[PDB]
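Chains as they are written, first to last, in the authors' numbering: chain N, 1 to 7; chain M, 1 to 7; chain O, 1 to 7; chain A, 5 to 375; chain B, 5 to 375; chain C, 5 to 375.
Backbone N, C-alpha and C fix where the C-beta goes; we use that ideal spot for every residue, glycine too.
Report on the following structure.
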Amino acid sequence: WXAXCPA
Amino acid sequence: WXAXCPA
Amino acid sequence: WXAXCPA
Amino acid sequence: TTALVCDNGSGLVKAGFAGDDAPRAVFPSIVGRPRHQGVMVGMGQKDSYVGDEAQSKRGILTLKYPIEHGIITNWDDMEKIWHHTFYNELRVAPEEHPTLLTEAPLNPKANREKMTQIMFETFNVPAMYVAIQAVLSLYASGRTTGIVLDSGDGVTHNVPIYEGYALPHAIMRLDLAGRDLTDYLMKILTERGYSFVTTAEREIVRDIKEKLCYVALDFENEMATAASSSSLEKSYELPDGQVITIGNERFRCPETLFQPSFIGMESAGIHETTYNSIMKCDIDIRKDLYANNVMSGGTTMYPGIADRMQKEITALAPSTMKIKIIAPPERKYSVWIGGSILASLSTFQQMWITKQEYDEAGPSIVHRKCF
Amino acid sequence: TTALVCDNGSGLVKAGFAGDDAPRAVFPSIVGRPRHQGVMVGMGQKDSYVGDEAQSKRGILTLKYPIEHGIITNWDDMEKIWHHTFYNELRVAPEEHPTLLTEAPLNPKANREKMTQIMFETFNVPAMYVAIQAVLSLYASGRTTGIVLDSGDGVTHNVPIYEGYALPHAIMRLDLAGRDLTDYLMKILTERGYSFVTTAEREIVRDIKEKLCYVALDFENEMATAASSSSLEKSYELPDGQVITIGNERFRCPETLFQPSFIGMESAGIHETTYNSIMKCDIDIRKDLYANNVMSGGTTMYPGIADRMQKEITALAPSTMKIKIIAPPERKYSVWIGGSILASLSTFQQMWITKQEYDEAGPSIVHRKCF
Amino acid sequence: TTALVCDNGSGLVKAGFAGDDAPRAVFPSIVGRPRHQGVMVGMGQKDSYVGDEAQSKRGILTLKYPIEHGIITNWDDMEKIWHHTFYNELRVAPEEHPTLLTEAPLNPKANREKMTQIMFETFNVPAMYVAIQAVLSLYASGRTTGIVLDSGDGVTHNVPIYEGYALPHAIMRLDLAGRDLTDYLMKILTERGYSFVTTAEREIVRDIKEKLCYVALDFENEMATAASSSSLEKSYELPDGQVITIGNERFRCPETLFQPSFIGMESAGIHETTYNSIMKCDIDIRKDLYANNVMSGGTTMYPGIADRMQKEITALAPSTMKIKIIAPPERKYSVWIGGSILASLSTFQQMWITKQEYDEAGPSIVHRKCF
Ligand SMILES: Nc1ncnc2c1ncn2[C@@H]1O[C@H](COP(=O)(O)OP(=O)(O)O)[C@@H](O)[C@H]1O
Ligand SMILES: Nc1ncnc2c1ncn2[C@@H]1O[C@H](COP(=O)(O)OP(=O)(O)O)[C@@H](O)[C@H]1O
Ligand SMILES: Nc1ncnc2c1ncn2[C@@H]1O[C@H](COP(=O)(O)OP(=O)(O)O)[C@@H](O)[C@H]1O
Ligand SMILES: [Mg+2]
Ligand SMILES: [Mg+2]
Ligand SMILES: [Mg+2]
Numbered sequence: 001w002x003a004x005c006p007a
Numbered sequence: 001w002x003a004x005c006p007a
Numbered sequence: 001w002x003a004x005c006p007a
Numbered sequence: 005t006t007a008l009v010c011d012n013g014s015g016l017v018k019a020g021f022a023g024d025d026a027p028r029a030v031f032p033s034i035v036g037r038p039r040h041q042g043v044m045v046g047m048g049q050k051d052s053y054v055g056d057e058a059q060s061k062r063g064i065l066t067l068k069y070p071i072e073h074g075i076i077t078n079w080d081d082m083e084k085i086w087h088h089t090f091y092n093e094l095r096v097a098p099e100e101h102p103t104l105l106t107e108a109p110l111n112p113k114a115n116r117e118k119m120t121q122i123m124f125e126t127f128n129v130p131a132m133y134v135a136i137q138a139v140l141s142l143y144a145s146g147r148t149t150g151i152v153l154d155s156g157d158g159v160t161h162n163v164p165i166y167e168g169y170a171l172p173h174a175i176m177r178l179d180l181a182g183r184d185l186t187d188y189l190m191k192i193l194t195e196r197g198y199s200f201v202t203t204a205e206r207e208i209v210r211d212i213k214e215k216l217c218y219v220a221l222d223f224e225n226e227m228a229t230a231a232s233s234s235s236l237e238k239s240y241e242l243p244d245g246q247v248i249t250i251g252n253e254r255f256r257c258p259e260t261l262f263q264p265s266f267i268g269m270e271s272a273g274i275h276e277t278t279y280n281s282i283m284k285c286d287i288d289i290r291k292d293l294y295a296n297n298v299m300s301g302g303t304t305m306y307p308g309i310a311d312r313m314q315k316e317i318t319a320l321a322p323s324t325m326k327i328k329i330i331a332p333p334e335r336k337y338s339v340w341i342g343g344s345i346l347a348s349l350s351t352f353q354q355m356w357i358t359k360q361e362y363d364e365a366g367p368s369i370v371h372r373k374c375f
Numbered sequence: 005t006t007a008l009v010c011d012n013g014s015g016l017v018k019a020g021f022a023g024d025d026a027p028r029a030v031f032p033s034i035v036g037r038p039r040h041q042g043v044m045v046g047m048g049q050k051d052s053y054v055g056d057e058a059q060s061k062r063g064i065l066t067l068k069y070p071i072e073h074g075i076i077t078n079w080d081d082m083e084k085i086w087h088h089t090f091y092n093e094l095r096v097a098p099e100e101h102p103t104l105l106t107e108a109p110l111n112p113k114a115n116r117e118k119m120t121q122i123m124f125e126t127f128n129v130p131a132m133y134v135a136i137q138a139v140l141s142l143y144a145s146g147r148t149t150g151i152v153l154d155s156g157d158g159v160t161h162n163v164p165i166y167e168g169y170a171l172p173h174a175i176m177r178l179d180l181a182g183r184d185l186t187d188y189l190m191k192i193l194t195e196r197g198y199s200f201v202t203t204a205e206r207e208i209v210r211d212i213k214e215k216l217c218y219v220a221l222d223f224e225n226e227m228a229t230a231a232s233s234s235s236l237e238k239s240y241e242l243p244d245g246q247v248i249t250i251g252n253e254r255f256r257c258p259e260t261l262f263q264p265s266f267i268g269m270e271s272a273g274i275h276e277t278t279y280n281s282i283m284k285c286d287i288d289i290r291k292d293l294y295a296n297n298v299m300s301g302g303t304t305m306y307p308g309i310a311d312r313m314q315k316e317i318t319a320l321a322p323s324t325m326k327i328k329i330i331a332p333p334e335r336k337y338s339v340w341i342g343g344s345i346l347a348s349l350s351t352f353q354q355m356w357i358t359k360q361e362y363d364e365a366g367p368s369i370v371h372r373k374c375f
Numbered sequence: 005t006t007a008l009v010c011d012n013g014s015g016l017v018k019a020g021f022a023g024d025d026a027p028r029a030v031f032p033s034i035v036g037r038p039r040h041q042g043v044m045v046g047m048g049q050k051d052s053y054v055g056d057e058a059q060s061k062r063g064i065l066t067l068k069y070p071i072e073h074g075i076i077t078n079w080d081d082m083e084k085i086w087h088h089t090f091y092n093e094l095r096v097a098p099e100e101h102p103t104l105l106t107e108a109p110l111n112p113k114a115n116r117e118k119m120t121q122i123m124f125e126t127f128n129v130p131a132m133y134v135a136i137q138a139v140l141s142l143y144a145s146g147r148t149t150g151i152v153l154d155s156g157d158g159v160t161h162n163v164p165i166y167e168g169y170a171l172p173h174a175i176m177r178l179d180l181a182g183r184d185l186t187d188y189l190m191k192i193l194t195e196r197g198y199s200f201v202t203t204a205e206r207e208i209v210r211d212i213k214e215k216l217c218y219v220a221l222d223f224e225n226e227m228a229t230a231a232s233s234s235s236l237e238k239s240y241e242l243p244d245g246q247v248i249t250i251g252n253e254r255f256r257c258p259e260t261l262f263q264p265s266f267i268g269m270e271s272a273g274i275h276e277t278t279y280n281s282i283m284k285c286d287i288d289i290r291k292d293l294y295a296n297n298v299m300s301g302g303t304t305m306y307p308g309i310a311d312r313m314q315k316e317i318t319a320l321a322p323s324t325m326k327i328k329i330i331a332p333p334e335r336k337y338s339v340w341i342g343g344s345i346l347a348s349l350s351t352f353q354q355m356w357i358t359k360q361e362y363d364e365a366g367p368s369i370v371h372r373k374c375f
């Protein structure tokens, strides 16, 4: 992901 | 709640 | 170690 | 000595002595408990954090709201908030001051009875009263006739009153509130990508909704404008230091209030429920209720909500009837202000539930507080 | 000519033509590049090995999954994987056959838009479609009502469907999946001692989890039995040749699904998420969803996972409601089977995304395909 | 009587009573045995020299480290080392003083269980505790929140702690430490010509690395400067009188920490592992973890390591967050100082593992005190 978690 | 919805 | 790496 | 008003909301506890113009202590209604391992660097700690302390160190806690949709679920946690408020926030002995409570309408009687028993036995409150939030909001507004839309964190009810005679058959209660809006924002922030799952991340989403979200005057036009690469794109900074961008999610999070079908809820929007509640009263009352629309609660603080609901009601209502919406700047603490006004009244001093009455009637005595 | 279905998972790519009962080519979604020196001994070499070739000689590569947690992060690697599939596995020209893709629910619109643009520009597919994996699994199961728990390598979602009307508000998405279980097995294999740090050793740990790990019906009882010097100790032979022994780690690696707190995840177990998703539907839908618990995904192949999930849900669910869990033997390729069934339907032939539609609407055209 | 702390590292044993500000005796964890013939000239001889005695006459011995990368390989050697410490360095009977030990995180339970059994059977300590090195370093730093990187002689682990609540899921363990750097320096000193193969020559290379090696702020610029015939050339005198010159090898030996690919290790550098460990915690936690980077261990004493790590982390971390690295001058004995602080606490006196508990629960009793 972009915010929260990686991906 | 008890029946319907949680609470 | 036992498996992986020595120790 | 003097009465104290404790409006225990479904996500924000506001308490303070009667006669004041603002709550003395406002802290989140959150109980946090440790989640990680059994502590390495340990010298002096607590097994549960209540209120602002829990949110201060929420990174290692699993916050749990005791009250959901205006209904208390975890009674031990609610006892924890009550004790924390009484002994840390107001810093007064509950056995000396009468306490005035607020409860949402159309709530289970078991919840109110258990709250009464808990605060009347665990504490030694000399006299306790429970009042509806909308009636307190109307008291704060200073008028006697009008229709109150109290949209809090857990509930959104609508109690119409005319000349002080509340109509307990046109009261419409909606379960769409700030918590559901926060959950919807959590779900739909995944579109751009930024997703939040943990309870602390839920608090972050709530802060995002409080700061950036607003209600669009026209939903379709605003959506088209946002999709047309407009300036409706604000930037929020997460605690870790990353900046996020919110596009059309700003006016889609609080559009659920006017369109509950977004999260698959059959009930109509707040404007339609208000219009139905008005139309359920006598034909000689609707004219005065149309011109005395009163807002309260935290979630009614979105920019442009008053204009939007005024337009929707004017569309629904006949064109010959003037539509006016009253939105005081103190909408967040309107219920507490009304409670403080009511508790200091000379006439209200005889309406308390004294200890003798509770002892002689057990804990099923709070059923003539009906409003 | 004939449509082809390419279910690009987050760790296992399954592709094949529509109408077949099984994928034609299944290879790991791994793109590896040489890590060591180029070295004088060279007669023909490649700068990057894709798919099964990378895992065949994984001793001199740093394998990097283009997809994890259901999102592609390395788009060049994904382009390489798609090209390798289309031109080496199926051995067909993508410009002649429509392609159907699968995407996990609650995923960014940017990711799906980028995949659509990549497949419509780099390749020349006449038509394309993106579908939710759980809907495809329900299609494969042959029924129209039920709740699908698709636990893949990177994601574990839960989409409840009733009579073909999917409820897009009770969909619960979890990030506990095969990769997290493999990492947890890597971490807790330290206890006995046999630890694996590199990516090839991570593949070895994944193979160990696939071959030996299982789900215990009762976690506490199984842990006590294992600690009581029981027969729960199986032996695995590493490629280097040294045998290792796995004790209580067999049922502790897949216990993370029912207890996310093992790796410090605030979310609840898969059984609790399924129960919450069922309870978020209408009261008239819960009875049918309880008895149609369809399971799919690779990580749902653990021995005894169905019995444990049924026991947990029955404990959560009311005693008067019959609970049945459907675990077909083809759970690994259930999503692809459903995609093949859907792509060959006569009615679905009108729901493609033609090249003309993409040209006239741009990459941001896949937003009416939401399930 | 008084508790004693024996931090048995993987190349340097530090022991001393609790309450002191520095270890009473620090000697290498080396057990050496004669290599050449016994020879006719014998009046008083030993078959094995331990600690400083072994290094004093290392020219006729084959020094063998019992602990390396944290694990004890030879248990007779560490029985000898523990006996030598207790009966020659502290010169106290172990049966009277409780002993607090330190173990690296993510270590096999067999090693700690065997150490427990050895200390409780071969010796007669009334009580004994086993702690984690990073937790003790954080104790020594005087704070309760922060991320500790303890880069010792055999291991380089990383334990992030927030408000005394360490997260046992963001702990990253690396095998890059002083021994690997010494081996790399031995390998790369061949380039100029100076070769070191024997164990005594390995000790000489270790001394060279201790005295001359440093961490460059910019690797490429420093390499270009060294290749441009600069003043980066220092002279070291071997024990036999010869002098050697070290050029670019001064900053190439410790560059392995930030570039594990130098010795063919797939893992990322210490800066990247620290960034991942900071990030793997909760989003609200990294705000205090970024500004509370605490270092410990011998190999964190390179000149300019703090500046290089701060620059690398600031490059990785968001630009809007301040990055502060805490590098106390006592980094060499930080773990022992923290252990002495912890063992003298009044609250910790109930956390000891008494002999009665060991007798009633066997040697597998140290699993309730995991950090
Ligand atoms: N300025 C604001 N803008 C948008 N939302 C707000 C604002 N202030 C409060 N809220 C929302 O109102 C909700 C509850 O507010 P309030 O009515 O004061 O508490 P309660 O619901 O307990 O009475 C909160 O969940 C918050 O999200
Ligand atoms: N027999 C098995 N037992 C346990 N786990 C399995 C088994 N087969 C596959 N898996 C796990 O399922 C994951 C991928 O399965 P699958 O869902 O078919 O692929 P994807 O996740 O890409 O859709 C792998 O990471 C693997 O660890
Ligand atoms: N001043 C220094 N500069 C560079 N390296 C050092 C320095 N002091 C110690 N070291 C390295 O640290 C390693 C061990 O140091 P220390 O952490 O005190 O022991 P342990 O690793 O047993 O805890 C030694 O192998 C040595 O090479
Ligand atoms: Mg309220
Ligand atoms: Mg899948
Ligand atoms: Mg150390």
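Uninterrupted beta strand (DSSP E) stretches at least 3 residues long and entirely within the region 207-270 of chain C occur at 238-241 and 247-250, given in chain order. For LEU153 (chain A), the uninterrupted beta strand (DSSP E) run begins and ends at 150-155, by DSSP. Using a CB distance cut-off of 8 Å, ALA7 (chain N) counts as an interface residue toward chain B. Assignment of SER60 (chain A) by DSSP, reduced to helix, strand and coil, places it in the helix class. Cβ neighbours of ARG116 (chain C) within its own chain (closer than 7 Å, five residues either side excluded): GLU107, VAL134 and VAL370. Non-local C-beta neighbours of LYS68 (chain A) in its own chain, meaning closer than 8 Å and more than five positions away in sequence, comprise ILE34, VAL35, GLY36, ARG37, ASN78, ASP81 and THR203, ordered along the chain. When secondary structure is reduced to three states using DSSP, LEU8 (chain C) falls in the strand class. With a contact defined as Cβ atoms closer than 8 Å, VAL45 (chain B) and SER145 (chain B) miss out at about 52 Å. Cβ-Cβ distances below 7 Å link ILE267 (chain B) to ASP184, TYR188 and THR260 in the same chain, with the five nearest sequence neighbours on each side left out; the list follows chain order. Boundaries of the beta strand (DSSP E) around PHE21 (chain A): 17-21.
For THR278 (chain B), the enclosing alpha helix (DSSP H) stretches over residues 274-283.
Within the same chain, Cβ atoms closer than 7 Å to the Cβ of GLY158 (chain A) are found at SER14, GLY15, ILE71, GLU72, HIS73, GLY74, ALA181 and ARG183, the five residues on either side in sequence being excluded.
Judged by the Cβ position, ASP179 (chain C) fails to qualify as a neighbour of ligand 6 at the 7 Å threshold, every heavy atom of the ligand being at least this far. Contact fails between the region 112-126 of chain B and the region 295-315 of chain B, because fewer than three Cβ pairs, one in each stretch, are under 8 Å apart.
Taking 7 Å as the cut-off, the C-beta of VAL339 (chain B) counts as close to a heavy atom of ligand 5. For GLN137 (chain B), the distance from the CB to the nearest heavy atom of ligand 5 is below 7 Å. Remark: the C-beta of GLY182 (chain A) is outside contact range of ligand 4, defined as less than 7 Å to any heavy atom. Per DSSP, reduced to three states, the secondary structure at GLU72 (chain B) is strand.
Boundaries of the alpha helix (DSSP H) around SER338 (chain A): 338-347.
In this structure, DSSP gives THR160 (chain A) an extended state, which the three-state scheme calls strand.
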